[PDB]
Amino acid sequence: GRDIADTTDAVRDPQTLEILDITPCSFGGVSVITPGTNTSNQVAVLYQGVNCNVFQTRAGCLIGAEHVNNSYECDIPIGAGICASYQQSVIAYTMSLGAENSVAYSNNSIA
Amino acid sequence: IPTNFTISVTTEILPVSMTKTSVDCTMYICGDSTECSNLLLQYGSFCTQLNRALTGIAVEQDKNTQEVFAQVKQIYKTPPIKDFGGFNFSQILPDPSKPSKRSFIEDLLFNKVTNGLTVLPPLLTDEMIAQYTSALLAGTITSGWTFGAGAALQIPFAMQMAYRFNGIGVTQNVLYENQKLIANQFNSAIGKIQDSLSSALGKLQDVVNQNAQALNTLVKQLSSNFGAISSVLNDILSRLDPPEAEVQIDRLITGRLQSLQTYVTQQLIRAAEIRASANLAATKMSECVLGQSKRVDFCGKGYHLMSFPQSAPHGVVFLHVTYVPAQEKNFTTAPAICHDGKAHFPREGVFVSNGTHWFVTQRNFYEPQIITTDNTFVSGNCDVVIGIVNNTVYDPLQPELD
Amino acid sequence: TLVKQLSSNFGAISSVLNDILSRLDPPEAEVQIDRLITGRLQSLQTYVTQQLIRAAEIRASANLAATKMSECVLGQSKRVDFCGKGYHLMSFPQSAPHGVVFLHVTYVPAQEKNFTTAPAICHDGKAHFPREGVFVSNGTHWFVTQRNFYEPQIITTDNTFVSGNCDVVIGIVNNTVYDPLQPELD
Ligand SMILES: *[C@@H]1O[C@H](CO)[C@@H](O)[C@H](O)[C@H]1NC(C)=O
Ligand SMILES: *[C@@H]1O[C@H](CO)[C@@H](O)[C@H](O)[C@H]1NC(C)=O
Ligand SMILES: *[C@@H]1O[C@H](CO)[C@@H](O)[C@H](O)[C@H]1NC(C)=O
Ligand SMILES: *[C@@H]1O[C@H](CO)[C@@H](O)[C@H](O)[C@H]1NC(C)=O
Ligand SMILES: *[C@@H]1O[C@H](CO)[C@@H](O)[C@H](O)[C@H]1NC(C)=O
Ligand SMILES: *[C@@H]1O[C@H](CO)[C@@H](O)[C@H](O)[C@H]1NC(C)=O
Ligand SMILES: *[C@@H]1O[C@H](CO)[C@@H](O)[C@H](O)[C@H]1NC(C)=O
Ligand SMILES: *[C@@H]1O[C@H](CO)[C@@H](O)[C@H](O)[C@H]1NC(C)=O
Ligand SMILES: *[C@@H]1O[C@H](CO)[C@@H](O)[C@H](O)[C@H]1NC(C)=O
Ligand SMILES: *[C@@H]1O[C@H](CO)[C@@H](O)[C@H](O)[C@H]1NC(C)=O
Ligand SMILES: *[C@@H]1O[C@H](CO)[C@@H](O)[C@H](O)[C@H]1NC(C)=O
Ligand SMILES: *[C@@H]1O[C@H](CO)[C@@H](O)[C@H](O)[C@H]1NC(C)=O
């Protein structure tokens, strides 16, 4: 069988006829996260779109950085809502948009 | 002179971004073959140039999605109580009882739009964009244009609407005496938009189709032999000895390089166009939303009052509410009126007569008032002006002196 | 990148024409020369296309800068967030290598304060609306102030115009408007 792009997505075993699906092995890209040469020389390696201090993200698998629940302003954006910054191990967090403010509104109040 | 008005709310669709894609040069040009990679080494720096060119667009898209939306410093929140003088913002405000914080209109908009190749994810999640939009709505509804510059100052909504009427040139008492009708018209307009969208986002759909067609053409171009014996490297390698095979291999390399360069160039042109659209959207967000525009037709047909932003896949949707006059009535006018030998001119408005008596009224609305020295300023004798009619001007102080 | 492109074989035996000419007879050397010239021509075309694409962006930015010169510098601008953040006052241009620097000057309010407000005041059965400003409350008395700055003034007929009657306005308050004529007519 073939698909719209004309790539062979499926084949059939000539012996004991059976339909077999073909999927390419995972290829991706490697990115390096560093806080600067003058600062401590510890990096984190991010593999683009690859499923594996190993932390799984939507962008890819992240090695060398520890996850933290706290939220800060974005720095060195990994992608898909994850920003990783140096604070000694590099930390990956979900970025916070901004401070939360609830303006007091009344029908007879002005400032 | 108009004697009535209608409130109309319209929509504007603007694309701001496109999907980020990157293509590995070596994988596309050459399969997994050591011999093929050796031939490509002569054609130096082409693959690096193409990869850098694609990376530039990839980062520029994330830049584009930032400036249009991220214009607020603090995430504002609407009060739990809903007292906006009869204006109903339920449809556009976020709905808590939903897996995401998207509003009804945003949900409808989302539902309407439907070999070494990698598609990178966008940096901002859709939930973050919805949070930015909700912040903008809350700030505009509560503060006004004050949160645009120098923190947020709470104002009752009716007073803000009165200020906007004062801005467009209509007296503010028109609002206070006609609040219920305006509230009903605004609600009806919002309902009509909700109905209309459910039954098209043509602008946003074209970009997705164009990008998909470009990628499909790239994938199809592999099957062409480009004048060689065959379209697959493996068959060419086995069929012929290396010295004769190398010519077919270099033919294939040249063809695939040409196709890749064509793809990169057209992607660059399309990225430039999307950048222009994103800049226009950012300017509209700055001016129409965080303020009131005096520019004509920039923020919708008619006199502008305010705008409300919404989020759509790879784009932004603006709702412009405007003021439209209606119910025309004919009259007779004069440039000036001179009493006791001195000409009088209107401070603001027109001189108008129904046929027997003379009044002074504002231009955009019919609010006749008696002529008084508080409404006029003298300039000189009757001679200079042409078309100056004869009429009397009442003196307010004289009867009180009696 | 252009300068480095010269030292690539492009499929020929060598990257130097003089080396090719000496080692090979002309009839066979012409093909080797043709490969090199095709490669160099392709590189030159790529360079020209990239330069055109960059020139488009540069001219767009130049047009934006020219618009900012005429509007922010030569006059006062009402377009919000166009010349700086805050209410714009004036700008001063400066020169930079292959560019221009603008020093926007703005006005930003500060030190807010709570107040109570009312759309109109009912006196003698007729509603009074402020000509220009807001009605604010000290908490015991009522004043009229301009919006951007706090400058309380006592309410007078010279500040408020009268239109309609008391009933129509949704939110109205009761106060007294001081008429300057009466004290003088004593
Ligand atoms: C394939 O060959 C094996 C060999 O014994 C046999 O058992 C099997 O039945 C064969 N299947 C088919 C579909 O011919
Ligand atoms: C690294 O940090 C030190 C200390 O702040 C500073 O002196 C130095 O210039 C920095 N180096 C770089 C390359 O930024
Ligand atoms: C990665 O593989 C594991 C093992 O099959 C699977 O459970 C997991 O869902 C995969 N992750 C993704 C993102 O597909
Ligand atoms: C103005 O239009 C509204 C809505 O059509 C209508 O109810 C009203 O009678 C019209 N006239 C005036 C004076 O408001
Ligand atoms: C706003 O409109 C919706 C739908 O028309 C309705 O369910 C809701 O009750 C309205 N809100 C108010 C305050 O009337
Ligand atoms: C014009 O308006 C005045 C003021 O009400 C009225 O007395 C007069 O009859 C009107 N004239 C006509 C022709 O209707
Ligand atoms: C208007 O035009 C008519 C026709 O020429 C003329 O008789 C009349 O005097 C004009 N009125 C004024 C005020 O100019
Ligand atoms: C207006 O009044 C003056 C006063 O003398 C008179 O001369 C003139 O003819 C009058 N014009 C009209 C059109 O009645
Ligand atoms: C004034 O407004 C602020 C809103 O920031 C509120 O916290 C405060 O309680 C208000 N003061 C009074 C006296 O209402
Ligand atoms: C303002 O109110 C205070 C009490 O809150 C009072 O003492 C003061 O006299 C008032 N000032 C004026 C000018 O009314
Ligand atoms: C303001 O809100 C309060 C509480 O809901 C209400 O009692 C009051 O009547 C409202 N004022 C106006 C002018 O609607
Ligand atoms: C204002 O005065 C009138 C007449 O005494 C009274 O009916 C009303 O309740 C008072 N309150 C308001 C609306 O400010």
# chains A, B, ... in the order shown; residues from 1 in each chain; ligands from 1

$ closest_atom_pairs --of "chain A" --to "chain B" --cutoff "7 Å" --atoms "only C-alpha atoms" --output "tab-separated table"
residue	atom	partner	partner_atom	distance
A:5	CA	B:219	CA	6.4
A:59	CA	B:121	CA	6.6
A:79	CA	B:123	CA	4.6
A:80	CA	B:123	CA	4.5
A:81	CA	B:123	CA	5.7
A:98	CA	B:74	CA	5.3
A:99	CA	B:74	CA	5.0
A:100	CA	B:75	CA	5.0
A:101	CA	B:76	CA	5.0
A:102	CA	B:77	CA	5.0
A:103	CA	B:154	CA	6.9
A:104	CA	B:154	CA	6.8
A:105	CA	B:154	CA	5.8
A:106	CA	B:156	CA	6.6
A:107	CA	B:156	CA	5.0
A:108	CA	B:156	CA	6.5
A:109	CA	B:155	CA	6.7
A:110	CA	B:155	CA	5.1
A:111	CA	B:153	CA	5.5

$ write_last_selection --atoms "N, CA and C atoms" --output "PDB file, in the first residue's frame"
ATOM      1  N   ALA A   5       1.293  10.858  -0.268  1.00  0.00           N
ATOM      2  CA  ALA A   5       2.628  11.290  -0.659  1.00  0.00           C
ATOM      3  C   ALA A   5       3.383  10.235  -1.459  1.00  0.00           C
ATOM      4  N   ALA A  59       8.087  19.345  23.556  1.00  0.00           N
ATOM      5  CA  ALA A  59       9.092  19.633  22.539  1.00  0.00           C
ATOM      6  C   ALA A  59       9.995  18.431  22.299  1.00  0.00           C
ATOM      7  N   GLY A  79      10.522  25.769  24.429  1.00  0.00           N
ATOM      8  CA  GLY A  79       9.444  25.615  23.475  1.00  0.00           C
ATOM      9  C   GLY A  79       8.239  24.908  24.058  1.00  0.00           C
ATOM     10  N   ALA A  80       7.064  25.151  23.473  1.00  0.00           N
ATOM     11  CA  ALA A  80       5.809  24.537  23.908  1.00  0.00           C
ATOM     12  C   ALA A  80       5.493  24.864  25.365  1.00  0.00           C
ATOM     13  N   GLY A  81       5.815  26.087  25.781  1.00  0.00           N
ATOM     14  CA  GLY A  81       5.478  26.553  27.109  1.00  0.00           C
ATOM     15  C   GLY A  81       6.489  26.245  28.191  1.00  0.00           C
ATOM     16  N   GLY A  98       2.302  36.656  33.924  1.00  0.00           N
ATOM     17  CA  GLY A  98       2.521  37.883  34.668  1.00  0.00           C
ATOM     18  C   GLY A  98       1.868  37.803  36.028  1.00  0.00           C
ATOM     19  N   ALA A  99       2.025  38.884  36.786  1.00  0.00           N
ATOM     20  CA  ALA A  99       1.394  38.971  38.094  1.00  0.00           C
ATOM     21  C   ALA A  99      -0.123  39.019  37.952  1.00  0.00           C
ATOM     22  N   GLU A 100      -0.814  38.474  38.949  1.00  0.00           N
ATOM     23  CA  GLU A 100      -2.270  38.431  38.963  1.00  0.00           C
ATOM     24  C   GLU A 100      -2.795  39.642  39.722  1.00  0.00           C
ATOM     25  N   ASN A 101      -3.624  40.444  39.058  1.00  0.00           N
ATOM     26  CA  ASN A 101      -4.192  41.647  39.648  1.00  0.00           C
ATOM     27  C   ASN A 101      -5.698  41.633  39.448  1.00  0.00           C
ATOM     28  N   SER A 102      -6.437  41.945  40.507  1.00  0.00           N
ATOM     29  CA  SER A 102      -7.896  41.990  40.479  1.00  0.00           C
ATOM     30  C   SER A 102      -8.323  43.415  40.820  1.00  0.00           C
ATOM     31  N   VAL A 103      -8.578  44.210  39.779  1.00  0.00           N
ATOM     32  CA  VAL A 103      -8.980  45.596  39.980  1.00  0.00           C
ATOM     33  C   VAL A 103     -10.377  45.647  40.583  1.00  0.00           C
ATOM     34  N   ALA A 104     -10.540  46.479  41.610  1.00  0.00           N
ATOM     35  CA  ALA A 104     -11.805  46.580  42.327  1.00  0.00           C
ATOM     36  C   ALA A 104     -12.762  47.481  41.557  1.00  0.00           C
ATOM     37  N   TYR A 105     -13.859  46.909  41.075  1.00  0.00           N
ATOM     38  CA  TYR A 105     -14.819  47.620  40.244  1.00  0.00           C
ATOM     39  C   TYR A 105     -16.162  47.698  40.955  1.00  0.00           C
ATOM     40  N   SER A 106     -16.700  48.910  41.052  1.00  0.00           N
ATOM     41  CA  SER A 106     -18.025  49.150  41.601  1.00  0.00           C
ATOM     42  C   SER A 106     -18.719  50.183  40.728  1.00  0.00           C
ATOM     43  N   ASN A 107     -20.051  50.199  40.783  1.00  0.00           N
ATOM     44  CA  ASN A 107     -20.798  51.055  39.867  1.00  0.00           C
ATOM     45  C   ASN A 107     -20.745  52.518  40.294  1.00  0.00           C
ATOM     46  N   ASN A 108     -20.243  52.798  41.498  1.00  0.00           N
ATOM     47  CA  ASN A 108     -20.122  54.170  41.974  1.00  0.00           C
ATOM     48  C   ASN A 108     -18.745  54.476  42.558  1.00  0.00           C
ATOM     49  N   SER A 109     -17.697  53.812  42.081  1.00  0.00           N
ATOM     50  CA  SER A 109     -16.338  54.048  42.548  1.00  0.00           C
ATOM     51  C   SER A 109     -15.457  54.452  41.377  1.00  0.00           C
ATOM     52  N   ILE A 110     -14.643  55.488  41.581  1.00  0.00           N
ATOM     53  CA  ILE A 110     -13.714  55.980  40.573  1.00  0.00           C
ATOM     54  C   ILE A 110     -12.381  56.282  41.243  1.00  0.00           C
ATOM     55  N   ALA A 111     -11.320  56.272  40.440  1.00  0.00           N
ATOM     56  CA  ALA A 111      -9.973  56.579  40.900  1.00  0.00           C
ATOM     57  C   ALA A 111      -9.378  57.676  40.030  1.00  0.00           C
TER      58      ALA A 111
END

$ select_by_dssp --residues "chain A" --states "strand (DSSP E)" --output "PyMOL selection string"
chain A and resi 10-12+19-21+30-33+44-48+54-56+60-63+65-67+77-79+82-86+90-94+99-101+109-110

$ interface_residues --of "chain C" --to "chain B" --cutoff "6 Å" --atoms "only C-alpha atoms" --output "VMD selection string"
chain C and resid 8 to 10 80 86 108 to 109 168 to 169

$ residues_around --residues "residue 198 in chain B" --least-positions-apart "4" --cutoff "10 Å" --atoms "only C-alpha atoms" --output "list in words"
residues 105, 108, 109, 111, 112, 193 and 194 of chain B

$ write_last_selection --atoms "C-alpha atoms" --output "compact mmCIF listing (two decimals), in the first residue's frame"
# COMPACT_ATOMS: atom_id res chain seq x y z
CA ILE B 105 -16.93 32.73 20.23
CA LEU B 108 -16.75 28.45 17.51
CA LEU B 109 -13.73 29.93 15.71
CA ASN B 111 -14.20 24.50 15.53
CA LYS B 112 -14.63 26.24 12.16
CA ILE B 193 -22.61 37.88 15.31
CA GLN B 194 -22.85 34.67 17.34

$ closest_residue --among "C:82, C:161, C:150, C:107" --to "chain A" --atoms "only C-alpha atoms"
C:150

$ residues_near_ligand --ligand "ligand 4" --cutoff "9 Å" --atoms "only C-alpha atoms and all ligand atoms" --output "list in words"
residues 3, 4, 5, 6, 178, 181, 182, 185, 326 and 327 of chain B

$ residues_near_ligand --ligand "ligand 1" --cutoff "7 Å" --atoms "only C-alpha atoms and all ligand atoms" --output "PDB file with N, CA, C and O atoms, in the first residue's frame"
ATOM      1  N   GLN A  15       4.849 -14.819   2.983  1.00  0.00           N
ATOM      2  CA  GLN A  15       4.557 -16.077   3.652  1.00  0.00           C
ATOM      3  C   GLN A  15       3.611 -15.815   4.814  1.00  0.00           C
ATOM      4  O   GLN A  15       3.824 -14.882   5.594  1.00  0.00           O
ATOM      5  N   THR A  16       2.573 -16.647   4.931  1.00  0.00           N
ATOM      6  CA  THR A  16       1.545 -16.467   5.957  1.00  0.00           C
ATOM      7  C   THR A  16       0.974 -15.053   5.899  1.00  0.00           C
ATOM      8  O   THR A  16       1.141 -14.262   6.829  1.00  0.00           O
ATOM      9  N   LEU A  17       0.312 -14.740   4.782  1.00  0.00           N
ATOM     10  CA  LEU A  17      -0.085 -13.387   4.401  1.00  0.00           C
ATOM     11  C   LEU A  17      -0.608 -12.564   5.573  1.00  0.00           C
ATOM     12  O   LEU A  17      -1.605 -12.924   6.205  1.00  0.00           O
TER      13      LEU A  17
END

$ residues_around --residues "residue 179 in chain C" --least-positions-apart "3" --cutoff "12 Å" --atoms "only C-alpha atoms" --output "MDAnalysis selection string"
chainID C and resid 123 154:160 176 182:185

$ closest_residue --among "C:32, C:116, C:77, C:61" --to "residue 100 in chain C" --atoms "only C-alpha atoms"
C:61
